[PDB]
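A single chain, nothing else alongside it, follows as structure tokens in the form deposited in one PDB entry.
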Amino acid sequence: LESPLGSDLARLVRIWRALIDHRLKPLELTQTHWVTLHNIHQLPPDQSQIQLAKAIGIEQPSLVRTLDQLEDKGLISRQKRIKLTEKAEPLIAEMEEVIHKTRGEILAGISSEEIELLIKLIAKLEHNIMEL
């Protein structure tokens, strides 16, 4: 088709992130940090590095500086598997609450069956991509 789908989506995702970044600044989480912690939070327990980078859609080595920092601030433990600490729990719970609440306002006036099709479509687009 003619329509610039990938850059429409890429803009949307940038402005949605930027809204969240603003709302989370008091927590002085940077983008990369909350993105990565959120991702850890929505995965099941004990992810390998490799599962995490994949769920994010990035390549490990970029993941590693971000993880190293989080480990430095004691947010995260590794023994290569990944566990949120006791110490990150209040920070996470408040982060997730702002993210959840922002999603409810973003999703306002969009029907569940419309959101359900978006999700199934995202899936197919990604499958095409991975198949290449």
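Each residue number is its position in the shown sequence, starting from 1. Each form is matched to the other, and the largest set of C-alpha atoms that superpose within 1.5 Å is called the rigid core.
Unshown form deposited in another entry; subsequent notes refer to it.
Once the rigid core is used as the reference frame, the Cα position of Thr102 differs between the shown form and the other one by less than 2 Å. Put the two forms on the same core and the Cα of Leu91 is off by less than 2 Å between the shown form and the other one. If you fit the rigid core between the shown form and the other one, you'll see the Cα of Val64 move by less than 2 angstroms.
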